[PDB]
Colleague: 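I'd like to ask you about the structure that follows.
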Amino acid sequence: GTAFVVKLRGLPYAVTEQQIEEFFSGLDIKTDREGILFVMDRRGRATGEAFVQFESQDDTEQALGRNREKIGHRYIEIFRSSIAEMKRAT
């Protein structure tokens with residue numbers, strides 16, 4: 001379960017959980033507060049990075065296949081990650 005996580009980079013400034021859910025339409029993102037986490041700097045300003053947790057390993061692989069697809073006009077970079085990396089940054 002610890003590798004069913006991806007890290008996103010390049011997000012729009014006005015990005016919302018709804019836009020992330022739409023970008024990963026068809027994939028099962030966890031429903032709790034820890035399904036989607038936006039990364040913040042030490043004063044709470046957004047960095048443009050996020051972590052997304054999926055329910056299954058195959059959904060993580062399909063998410064990685066959406067690397068450089070767009071939200072709005074922004075190209076979204078997607079990297080393999082881990083629960084420990086998500087928890088550290090958030």
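Worth knowing before you read on, the calculation uses all heavy atoms, side chains too, and leaves out hydrogens, waters and symmetry mates. Counting from 1, the numbers follow the sequence of the chain as shown.
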Colleague: Should we say atom CD of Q57 is surrounded by more than 12 heavy atoms from elsewhere, each under 6.0 Å from it?
Modeller: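 Yes.
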Colleague: Please determine whether side chain to side chain contact (heavy atoms under 4.5 Å, CB included) holds for the pair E34 and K87, giving the CA-CA distance in whole Å, both sets of side-chain angles, and the decisive distance to 0.1 Å.
Modeller: CA-CA 9 Å; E34 295 210 301; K87 290 265 186 40; 3.3 Å; yes
Colleague: Kindly give the heavy-atom pair with the smallest separation between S81 and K7, and that separation in Å.
Modeller: CB-N, 3.9 Å
Colleague: Is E61 salt-bridged to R80, cutoff N-O under 4.0 Å?
Modeller: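 A salt bridge links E61 with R80.
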Colleague: Check for me, please, whether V15 and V5 land in the same ILVMFWY cluster - side-chain distances under 4.5 Å, paths through other members count.
Modeller: no
Colleague: Would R66 and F23 count as a side chain to side chain contact (heavy atoms under 4.5 Å, CB included) here? Give the steps.
Modeller: CA-CA 9 Å; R66 296 185 191 184; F23 184 80; 4.3 Å; yes
Colleague: Are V39 and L37 connected, step by step, through hydrophobic side chains (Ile, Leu, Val, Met, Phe, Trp, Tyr) whose heavy atoms are closer than 4.5 Å?
Modeller: yes
Colleague: Any side-chain heavy atom of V6 sitting closer than 4.5 Å to one from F79?
Modeller: no
Colleague: So do the side chains of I36 and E21 get within less than 4.5 Å of each other, counting heavy atoms only?
Modeller: yes
Colleague: For the residue pair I20 and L8, establish whether any side-chain heavy-atom pair is separated by less than 4.5 Å.
Modeller: yes
Colleague: Do the side chains of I78 and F54 join up, straight or via other hydrophobic residues, at under 4.5 Å, putting them in one cluster?
Modeller: yes
Colleague: If you round to the nearest 0.5 Å, how far is CE of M86 from OG1 of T2?
Modeller: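 Atom-to-atom, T2:OG1 and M86:CE are 13.0 Å apart.
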Colleague: For a 4.5 angstrom cut-off between non-hydrogen side-chain atoms, does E49 reach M40?
Modeller: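 No. Closest side-chain heavy atoms not under 4.5 Å.
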Colleague: Does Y75 reach the side chain of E77, with side-chain heavy atoms less than 4.5 Å apart?
Modeller: no
Colleague: Please examine the side chains of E55 and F4, heavy atoms only from C-beta on, and report whether any two atoms are closer than 4.5 Å.
Modeller: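 They are not in contact (no side-chain heavy atoms under 4.5 Å apart), so the answer is no.
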Colleague: Does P12 reach the side chain of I76, with side-chain heavy atoms less than 4.5 Å apart?
Modeller: yes
Colleague: Can you name the closest pair of heavy atoms from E69 and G65 and give their distance?
Modeller: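 Looking at all heavy atoms of both residues, the closest pair is OE2-O, 4.2 Å.
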Colleague: Is the side chain of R88 donor-acceptor paired with the backbone N or O of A84 at a distance under 3.5 Å, no angle test?
Modeller: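 Yes, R88 side chain to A84 backbone: donor-acceptor pair under 3.5 Å.
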Colleague: What distance separates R74 CZ from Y13 OH, expressed to the nearest 0.5 Å?
Modeller: 14.0 Å
Colleague: What distance separates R33 CZ from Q53 CD, expressed to the nearest 0.5 Å?
Modeller: 10.0 Å
Colleague: Could you point out which residue of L64, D28, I29 forms a side chain to side chain contact (heavy atoms under 4.5 Å, CB included) with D59?
Modeller: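 The option that passes is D28.
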Colleague: Would you check if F38 and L11 make a side-chain contact, meaning some heavy-atom pair closer than 4.5 Å?
Modeller: yes
